[PDB]
Structures are given as C-alpha cells and as structure tokens.
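Order of appearance sets the numbers: ligands from 1, and atoms from 1 within every ligand. Just so you know, residue 1 is the first one in the sequence shown, and it goes up from there.
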Amino acid sequence: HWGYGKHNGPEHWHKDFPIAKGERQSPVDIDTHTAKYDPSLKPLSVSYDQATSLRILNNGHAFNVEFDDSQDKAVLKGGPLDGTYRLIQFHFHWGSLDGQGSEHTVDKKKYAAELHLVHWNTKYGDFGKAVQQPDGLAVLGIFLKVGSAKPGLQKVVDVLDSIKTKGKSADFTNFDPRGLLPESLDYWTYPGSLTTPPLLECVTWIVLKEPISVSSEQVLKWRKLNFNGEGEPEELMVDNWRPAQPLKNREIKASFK
Ligand SMILES: [Zn+2]
C-alpha cells in the first residue's frame, strides 16, 4: 500500500490515485513575491477555547490528535472561508533531518516540520461527506523550525512512547491546541487537496506565515516513532512529507502587506 518509502512513496501514488496529477494538488511552493495581497480577505477566526481532544493515534503515516467534532466547539471561520469549519484532528509531517520535513515550502525553503489542523465544513454534516466537496475542508498549516522548545507541544511529545507503532492509540484528553499557534495569524491561502491519499481536491489551504519553534529534543522523539506495526521490522517514521506539486492554474493570496 502507499507510504513514503522507496517503492511506495509520493512518486508512485498516481497509480492508485490518479488525481495525484490533478489540477489542484497540494502541497505547493509559496512564492512570496508572486503571492498577491488581497485586502478583501478577512482576519482568520480561530475559536479553540472549547476544543475537546479525545485520543492520539499512530495510523502508520503520522500521529493524529483527534477531537470530538460532534458539536460546534473548536471552529475555524473567516479569512477566505464562507461558513463554519469544525476541527477534527491535527497531525504533523517531519523530516529525518532538520533541513527538511515540511510539505509547503516558502521560496523553496523547507522547514523542519509542518502542523496540519484539519477542519470540515459543517454545512456538509460530516467529514466523509465534506471531503467529496470542493469547499469541504479547511486546513490550517503552521511551519515548525528547530530552536526553543514549544511548551504547549510537550504533552504530545510525552505520550508518543505509548503509540510507537502503527495502529496504537492512547487516551489524550484536555489537550489545548491554542498552545501550538504562533503569535501572528497572517496567512497565505489557495485551493488545494489532501496531501495524503486519497488526495481529494477538497481543501482550502490557510498557511500561516509565522513559524513556531520546537526543540531538537522534541522533534527527536517524533523520529523514534515507527511506520510499521508491532512485531514487524522497524522503519522509523521520518520523511512523511509529500513534496511540492505544480501550481497550475492557481493564485496564492496573502492576507498581509
Ligand atoms: Zn498533513
């Protein structure tokens, strides 16, 4: 099945998922000089005060911190969005080395990792129905660089020992995702896709300009996770990122300056 290895990585995905070569695939390189300021864009509204995390899961390609999305609690709205999008999970993509890991790039610069907070459009009722719509998802992307530790991340880092391998999950309540946000909500936005199979073209991407800093020790623990299941040969969960895809007929808009 698909993955990030030599024989099943991103260059192979199109064989099972032909939309891989589609017209609005993600991630993309963000050329900061060609992104146009759009003064009609609104400030992003990130309302996570009532967010209720439930669980953390190693799904064999990343770890997802999952939220109770059965009510309107943690919601993203405003910015480029029409309507209300509910937080369902977040996860990260990271590298084997600090010089790579992000999916989006900024003037070809790769960050050490990238956080994706995934939200679905409430007008479609559930996530499964939402991914079938061109405006079904809003994903907030945040870049990570290695430097000072992110205090708000440590609770995630410390539970990873209990979900080392594919298919393991652990209770993970009362995690506050506001602790993962940078100071500024300045962003770029463009229409795109899921960056993992099925690669559905259902995402409004909102990528924050300001990265957060995590420590070397923090990202080191991510690199000890496994793609494989328990009792299988060990493959470290690293370089779980899709590279930049062709922009094609799309414009990236900036919320700022
Ligand atoms: Zn992702």
Side-chain angles (χ1 to χ4, degrees), residues 1-5 8-11 13 17 19-20 22 24-30 46 48 53 55-67 69 74 76 85-96 100-106 110-121 127-128 130-131 136-145 150 153 156-157 160 163 166 169 172 175 177 180-182 187-208 211-212 214 218-219 222-223 225 227 237-245 252:
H1 213 205
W2 68 270
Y4 298 90
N8 65 353
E11 71 265 34
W13 294 354
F17 307 92
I19 201 175
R24 56 176 281 191
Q25 289 292 291
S26 296
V28 300
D29 181 56
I30 298 162
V46 189
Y48 286 172
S53 67
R55 208 173 66 142
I56 186 170
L57 170 69
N58 183 333
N59 63 16
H61 45 99
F63 58 88
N64 286 5
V65 169
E66 294 165 352
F67 289 78
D69 64 349
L76 180 64
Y85 290 73
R86 209 174 277 181
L87 179 64
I88 176 167
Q89 53 101 342
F90 71 80
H91 62 273
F92 301 86
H93 304 268
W94 61 93
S96 55
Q100 62 193 41
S102 66
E103 293 205 310
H104 291 89
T105 55
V106 178
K110 290 176 177 72
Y111 282 90
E114 184 173 328
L115 166 59
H116 293 160
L117 298 125
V118 181
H119 312 72
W120 55 272
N121 195 331
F127 174 88
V131 299
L137 292 195
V139 184
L140 181 58
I142 297 176
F143 296 117
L144 280 65
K145 64 175 173 178
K150 196 73 174 170
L153 184 61
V156 176
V157 170
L160 299 180
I163 59 151
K166 184 178 178 184
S169 68
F172 200 64
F175 181 77
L180 297 184
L181 305 175
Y187 64 87
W188 297 283
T189 182
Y190 75 98
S193 72
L194 302 174
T195 67
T196 49
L199 303 170
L200 295 171
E201 294 177 337
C202 62
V203 180
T204 299
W205 277 97
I206 301 167
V207 178
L208 301 189
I212 58 166
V214 299
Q218 280 179 330
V219 71
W222 296 2
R223 297 184 185 138
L225 287 166
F227 282 131
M237 181 177 283
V238 296
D239 294 317
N240 60 345
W241 48 279
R242 187 188 198 190
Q245 304 297 308
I252 300 178

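Residues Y111 and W241 keep their aromatic ring centres 6.0 Å or farther apart.
Using bins of under 30°, 30° to 60° and over 60° for the plane-to-plane angle, the ring pair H104/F143 lands in the perpendicular bin.
Between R55 and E66 there is a salt bridge, with a side-chain nitrogen of the basic residue lying less than 4.0 Å from a carboxylate oxygen of the acidic one.
Between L140 and the options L87, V207, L117, a side-chain contact (heavy atoms from CB on, under 4.5 Å) holds for only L117.
Counting non-hydrogen atoms of neighbouring residues, nucleotides and ligands closer than 6.0 angstrom, the NZ atom of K145 reaches no more than 12 such neighbours.
Among protein atoms, those of element N, O or S found less than 2.8 Å away from the Zn ion (ligand 1) are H91 NE2, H93 NE2, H116 ND1.
With sequence neighbours left out, the salt bridge (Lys or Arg N to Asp or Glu O under 4.0 Å) criterion links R24 to no other residue.
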